[PDB]
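Have a look below at one chain only, the form deposited in one PDB entry, in structure tokens format.
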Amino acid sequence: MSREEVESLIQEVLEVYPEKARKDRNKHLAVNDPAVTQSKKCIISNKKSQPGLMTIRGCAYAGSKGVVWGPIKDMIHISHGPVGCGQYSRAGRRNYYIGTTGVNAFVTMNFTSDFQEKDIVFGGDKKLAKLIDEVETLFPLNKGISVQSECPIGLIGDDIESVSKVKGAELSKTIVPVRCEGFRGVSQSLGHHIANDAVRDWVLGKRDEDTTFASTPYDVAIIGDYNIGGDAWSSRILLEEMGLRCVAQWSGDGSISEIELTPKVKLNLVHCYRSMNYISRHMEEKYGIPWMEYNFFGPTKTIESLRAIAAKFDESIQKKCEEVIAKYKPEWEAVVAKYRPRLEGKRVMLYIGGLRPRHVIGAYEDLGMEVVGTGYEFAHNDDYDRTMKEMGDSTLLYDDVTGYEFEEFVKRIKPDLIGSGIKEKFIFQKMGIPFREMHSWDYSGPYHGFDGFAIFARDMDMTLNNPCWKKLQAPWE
């Protein structure tokens, strides 16, 4: 509580900044009010980062190559440019898949054009064509090539679209040029937008004239779930026992054929609204497929989501949904009975990219834990409108928080647990506050659905109640 104290803390943290930096950062820190439904009057998001402030945001290449296009397993993705970008993003995100790597799957592989000085001076279109020829020679079982651009590609004037068109016509292949240069935009959000535009323009409409796919009234697509530690599989199994047929899965463990078959489904189940709203709206306007969001974080949210999804179909799906809920109830009741006494009353602070800070709240509350602070790296204002109603009164909200700002906020609030990325993990560990990686699930998971709730509760208990947090002060100090 103590909204006045929260505002005073915000002011005290903000004093250190210069005039322009202070004025800019004042609009991105706010005190929550659930009665407020317009976050635009409360917080400002999706703006440029102040220079030299140790930001956490990535680039559009990370949003496009690392998030959207990367999990597609039967496609080869070329990091067009110098060596660093594909090397730092190689196998860094745990988007799980089934396949033979190097033969028919290429997710954890790093294909790059390896730009040198001559490529910068004279261009890399000829090198790109030769690279495409060599890719086709060495990897015959690939089902498509996407070329993800880095900053020099956009800065030197390379016509990747023409090369992609000529090579695709020559080899009868789908080659997708993505102009995801890192200097475009302010964060990964523009990368998501550009990747969705590329999917719409080059892949989505490849079977408009094709009608050889048999369609059923219970055909659904999973949108925005990237199978982090098997999350998409854990959601898909629940959808399957409910009687539905999951045709496509974007994009974790996804294939180009599933993307092309998506316009044939009857309903879109959007997991990440932030990174896939563009394509879901395009599908709704073009093919007339309705889309709806679902939350599978914790038993309550997944019961509500399952019932909402089953309401979109006839009575048989509703009976199957009730049967699934009845079947899975004892398991999560046992999980709650085991792990609620050890986690009741704890306070949580969160800072994740664009969807989880508001999705994981229900999962945290089902274990008797309260969230006192949250924030986003690149979320838009609609995400904040969705989040503000799901938080308690006078809780802290931070957009594009800096290292110093989050440091001081955590110092003052003193939560029992913090969820953020790898760049805050060791900092908060050295503070002595338990930390959970909310991007990679700390190399654990899945956390979606009933099967993921048990893992989530076990991880929460094992990190919060670990003895190492009690051993930071030497006994002679």
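If you superpose the two forms and keep the largest set of C-alpha atoms that fall within 1.5 Å, you have the rigid core. Each residue number is its position in the shown sequence, starting from 1. Residues that one form lacks are left out of the comparison.
There is also a form deposited in another entry; it is not shown, and the following applies to it.
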**Prompt:** When the two forms are laid on each other by their rigid core, does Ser444 show a Cα shift of 2 Å or more between this form and the one not shown?
**Reply:** no
**Request:** Report the direction of the Cα distance change between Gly298 and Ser440 in that other deposited form, compared with the displayed form, as closer or farther; the change is 3 Å or more.
**Result:** closer
**Prompt:** Closer or farther: how do the Cα atoms of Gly86 and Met438 compare in that other deposited form relative to this form, given a change of at least 3 Å?
**Reply:** farther
**Message:** Once the rigid core is fitted, tell me which blocks of three or more consecutive residues have Cα atoms all displaced by 2 Å or more between this form and the one not shown.
**Reply:** 434-442
